[PDB]
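One chain follows as structure tokens, the form deposited in one PDB entry.
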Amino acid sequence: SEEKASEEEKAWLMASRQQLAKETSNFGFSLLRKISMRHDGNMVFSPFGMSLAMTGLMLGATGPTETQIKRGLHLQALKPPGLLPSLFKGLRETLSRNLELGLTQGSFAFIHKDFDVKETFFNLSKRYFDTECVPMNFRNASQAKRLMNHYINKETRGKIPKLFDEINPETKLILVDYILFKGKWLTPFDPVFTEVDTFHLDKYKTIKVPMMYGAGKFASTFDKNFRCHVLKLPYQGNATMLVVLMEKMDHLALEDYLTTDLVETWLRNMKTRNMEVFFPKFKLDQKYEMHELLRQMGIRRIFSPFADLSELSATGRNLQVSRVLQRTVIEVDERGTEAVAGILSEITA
């Protein structure tokens, strides 16, 4: 009947969305791995937001330029058309159903003087990301910097006031995607019990830090192979923070073994018990030039003189991505967590 064709399609959408979530997590773990090779110390970024940024590029490329991006994001094929819109519609729904989540995302397209964008790409960007177009003069670099930093400061609500540092005058288009997460703990820590405590930087050195304290039902498990505790710190709106604490000072570096299956194994072995939790407050602010990193993930041609972005522009040929920068700030607190990521892509002539 009419249900038959739509009932099969819902099963497929349900399957495809699980596949996309899994692929985004693994994409994230790949990045964490690449990033860690250069940066010791604290790190934070948004896999979801990073892969939205890249899929934004991808729709716009063709040939080896496009297919290299699909591989880098782990975006494997699906079953048998024209059902990509339904997949994005389904993702928005899922991220919109729970009004307590506190998650907003958005997208900008900053465009150079009279550089005409193809119509089908403009449309899709609004349909999939609700992209907002703003004319620009990147030749007048100092002026464009101030104007773009105003827009990102507005939308990130003051937490990333200066995303842009230097402006390449040969820039024809830059795509910015942002993600804002205002999470409230499902049971907040009472700041009356926050105390100064000893944190171990390594086997020899220590430092004193504010430790928040909660006592009650928490979900956790102990992986005996990696010798680590995993703990769920739930938010309102059906989000959660997984915390992974290694028992011994790096030894078996988790980064290199981290996969969707390992996390699924932990989530399966969780048990809930009355327990006491000490957990430190922290702010992070990190900034990563993704260009060379993405190149290591096999996304090459988009950055080369032979980049094919002919779905982004009809005529324009000598176009390429020169820079992909990601800036992420997080603040963990007695009330919850507030995390903002901004991601920009410099398209150059």
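Rigid core (definition): largest C-alpha set, two forms, superposition within 1.5 Å. Position 1 is the first residue in the sequence shown; the rest follow in order.
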How many residues that are in the deposited sequence but not in the model lie between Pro80 and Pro81: none, 1 to 3, 4 to 9, or 10 or more?
1 to 3
Unresolved deposited residues in the interval that joins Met249 and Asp250:
1 to 3
Average Cα temperature factor in the PDB entry - higher stretch of 56 to 64, 41 to 49:
56 to 64
Would you mind comparing 153 to 161 and 175 to 183 for me and telling me which has the higher average C-alpha temperature factor in the entry?
153 to 161
By the entry's C-alpha temperature factors, tell me which of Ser220, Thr259, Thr265, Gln143 sits highest.
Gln143
Would you mind checking which of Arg273, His229, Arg139, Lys89 has the top Cα temperature factor in the PDB entry?
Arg139
Which third, lowest, middle or highest, does the CA B-factor of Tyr288 fall in along this chain?
middle
In terms of its chain's C-alpha B-factors, the third that includes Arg335 is the lowest
Lowest, middle or highest third of the chain for the C-alpha temperature factor of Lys281?
lowest
Could you say whether, by C-alpha temperature factor, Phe108 belongs to the lowest, middle or highest third of its chain?
middle
Third of the chain's Cα B-factor distribution that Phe193 belongs to, per the entry
lowest
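The next section is about a form of this same protein that is not shown, the form deposited in another entry.
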Please name the one residue from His229, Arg92, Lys184, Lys232 with a C-alpha displacement of 2 Å or more between the shown form and the other one, using the rigid core for the superposition.
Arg92
Once you account for a change of 3 Å or more, let me know if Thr94 and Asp261 sit closer or farther in the other form, using their C-alpha atoms.
farther
